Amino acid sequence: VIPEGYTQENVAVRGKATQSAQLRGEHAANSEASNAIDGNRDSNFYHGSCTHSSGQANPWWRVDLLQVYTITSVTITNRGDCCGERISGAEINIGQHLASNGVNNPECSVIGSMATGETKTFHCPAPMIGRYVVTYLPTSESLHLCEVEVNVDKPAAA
């Protein structure tokens, strides 16, 4: 992706994030859904820039972009201090409307697996129209995202 004449922008920092259920207890303060769109890829969960679900099965995290965009890819930063294997199987769904918390929207990509602390771009089959981007983890693992960037192409500046 990223053709001549165009520039790419992360429109996720313009939105509002939320998740199925936040991690409770001792580290609950470092777990806010908003952490995945604060413009910081720091993957050390203890620095406070990563989200963390409750631990209950099939968690999801979502960002409402506030308006519809044509999205080319989504760049994810996996947790780095530990537990990089938990995100395996995660699905990135993108849609104009919220079809069951975004969990049932069209799929951009599936995260096979990512090394601990890895930042990787997942390109959608074709550009997708959507206002909501959801990361659904259909397993018994905790979902922790250190950054979710939603990439939109724009004609370049100058």
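Numbering starts at 1 and runs along the sequence shown.
| query | Averaged over C-alpha atoms, is the B-factor higher for 64-72 or for 98-106 in this PDB entry? | reply | Averaged over C-alpha atoms, the B-factors run higher in 98-106.
- Task: Would you determine, from the values in the PDB entry, which of 22-30 and 122-130 has the greater average C-alpha temperature factor?
- Result: Looking at the record's C-alpha B-factors, the answer is 122-130.
### Query
Looking at the C-alpha B-factor of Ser54, is it in the lowest, middle or highest third of its chain?
Tercile = middle for this residue's CA B-factor.
What third of the chain, by the recorded C-alpha B-factor, contains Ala90?
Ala90: CA B-factor falls in the middle third of its chain.
task: Ordered by C-alpha B-factor within the chain, which third holds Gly117? Give me lowest, middle or highest, please.
output: According to the entry, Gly117 has a C-alpha B-factor in the chain's middle third.
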